[PDB]
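Notes follow the structure.
Read the figures in this text as sums done on the coordinates, not as results from a lab. Heads up, the Cβs are rebuilt from the backbone with ideal geometry, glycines too, and the neighbour counts pull from every protein chain shown.
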């Protein structure tokens, strides 16, 4: 029950990762608009909240499948975080 529910949540989080990936690919780091970075920032904050959620579960989930999904989502959220950071650095010229 709860395992399937958590997996479903991770799928929704992966969806959010896909949204960020799309924006962080289609947009230009050096030409990113303040509004675009604001939207990315808010979504990044959500991803960070979901990252903490994952981190809480990893050690608490013995299930190999769900734990695998947790680790995968964690890595994806880290990629989104760092990619967003790159956007900020490139736009401000502090890379």
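Modelled spin labels at residue 82 and residue 95, positioned 7 Å past Cα toward Cβ, are 1.5 nm from each other. In the chain, the longest principal axis of the Cα atoms and the axis of helix 64-92 are about 10 degrees apart. Compactness of the chain is given as radius of gyration and Dmax, 14.7, 48 Å, from Cα positions.
Per-residue extension of 0.36 nm, minus the Cα-Cα distance of residue 38 and residue 68, leaves a gain of 7.7 nm for this segment. Name all residues of segment 69-95 having a backbone nitrogen under 16 Å from the label point set 7 Å from the Cα of residue 55 along its Cα→Cβ direction, giving them as ranges. Label zone hits: 70-82.
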